[PDB]
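The chain below stands alone, shown as structure tokens; this is the form deposited in one PDB entry.
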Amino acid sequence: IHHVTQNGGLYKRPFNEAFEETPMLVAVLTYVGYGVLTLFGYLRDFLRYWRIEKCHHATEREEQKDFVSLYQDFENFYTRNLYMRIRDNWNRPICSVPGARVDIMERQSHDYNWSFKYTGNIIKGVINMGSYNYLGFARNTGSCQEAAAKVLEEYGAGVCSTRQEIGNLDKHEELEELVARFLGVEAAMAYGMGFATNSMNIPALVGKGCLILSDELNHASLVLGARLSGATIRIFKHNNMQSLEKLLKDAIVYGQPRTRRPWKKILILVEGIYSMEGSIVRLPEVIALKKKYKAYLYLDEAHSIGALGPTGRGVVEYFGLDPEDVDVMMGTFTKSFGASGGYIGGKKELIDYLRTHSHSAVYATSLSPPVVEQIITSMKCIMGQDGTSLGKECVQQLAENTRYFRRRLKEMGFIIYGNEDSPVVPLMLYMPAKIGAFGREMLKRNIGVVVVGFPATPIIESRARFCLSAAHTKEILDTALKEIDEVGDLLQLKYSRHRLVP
């Protein structure tokens, strides 16, 4: 309707995004601060060899001085010289329900973050922009936290066996039937850990003789599940549909690496939303390529199920596509439902296969009944099933909040990554000493944010990540936008070469 591609991907509405490059002077200035820190790290290592006290940390026993050393000292070099200098903004403990405002325990340090001490005070009312609470279902008073209390009273905290022995209740049977109606598939299956839905079910689908095509920026669970299967792994550029086709065509003409026999099959692992990048997958082009080359698709929508689409169905609904064109769909319940666990949906022969040949079904214990009762209630709320318009209002509110926030920051003058419809907003702040300054200066102003540094991102790509929700009022959101300006002026974070105009 709107536009097509040479592949044949049909886009109904515009697909517009932006990844502006780092200005040259800022890049040149980042390396100065990354070299000055390294020089001093070497100096401090030398002093700590026989001259500095450094008695605040731990060592090996006296009886095991002649074993081979447990660690390789050069691996935890950045940990003890860089990360440790500004690690007072990464494990902040909270003491209340997390959403839209949280209470943080106040801690202080005297030997430069090597040890901490809780004074006894509490910072109340801190605006929360650090936890995934899309749609705002994380609360301690309402109708979803009302039924969990009933189930807990009669069932108990947790089960004590596996799904295949005696840990198969009727709650599990009641939830797996509802997830399939939500997604629009035939059958589903729920597990109990989002990280273990990938690393314990991918090795049940592929083995030696098969090929895996991974996106550059995949989650750790997706990468571990592939490493455990025994298949060959090949990585393509991020969201590049030319790299994927060039790497997909060259695998059907040349076969396996040494014997040069045809591959048994080919699997493609992508994600719905990339949380550190803020982008959305080009799904209509990935679907129009795996039908032309007969590959299988594996979608991981842990950051979009409930956060995209007119009725909160995810990226498949957001693009107007047919849910049955995807071989496996997997997701979590911990980013939009305020719960725990994960699911896989798809055909009926696939779920039938996985119920018998999955590592989790036979070795790992089942889900907790009070958590299943959370998911069942909030999923019914979203479907408009309860009777109120809470599900519709909360779905729409997040869209306007995202649009307003992302538009204001662009006029203000910052560099923002990603797609215009993405509820994750990464703010660019490149220099290594501004990582430690932004987190410290925002908490002095009652705002909670997360920051990310080098051995998680590229070298000059440090950023701050904002998460929006449907519980953020317009009066909270204005307060946050007003306080971000002051810190952006104070630390000089407005790098954009071409700023927006109202």
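We call the rigid core the largest set of C-alpha positions that still match within 1.5 Å between the two forms. Shifts are known only where both forms have a C-alpha. Start at 1 and count along the sequence shown; that's the residue number.
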{"query": "Other entries modelling both neighbours but not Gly387, at least a third", "finding": "yes"}
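Another form, the form deposited in another entry, is not on view; read the next lines as being about it.
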| item | value |
| --- | --- |
| Core-fitted Cα difference of 2 Å or more between the shown form and the other one, single residue among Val253, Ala149, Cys95, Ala220 | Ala149 |
| Displaced residue check between the shown form and the other one: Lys444, CA, 2 Å or over, core reference | no |
| Yes/no, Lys474 Cα shift of 2 Å or more between the shown form and the other one with rigid core fixed | no |
| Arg163 and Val151, C-alpha gap in the other form relative to this structure (3 Å or more) | farther |
| Segments of at least three residues whose Cα atoms shift by 2 Å or more between the shown form and the other one, after superposing on the rigid core | 62-66, 147-154 |
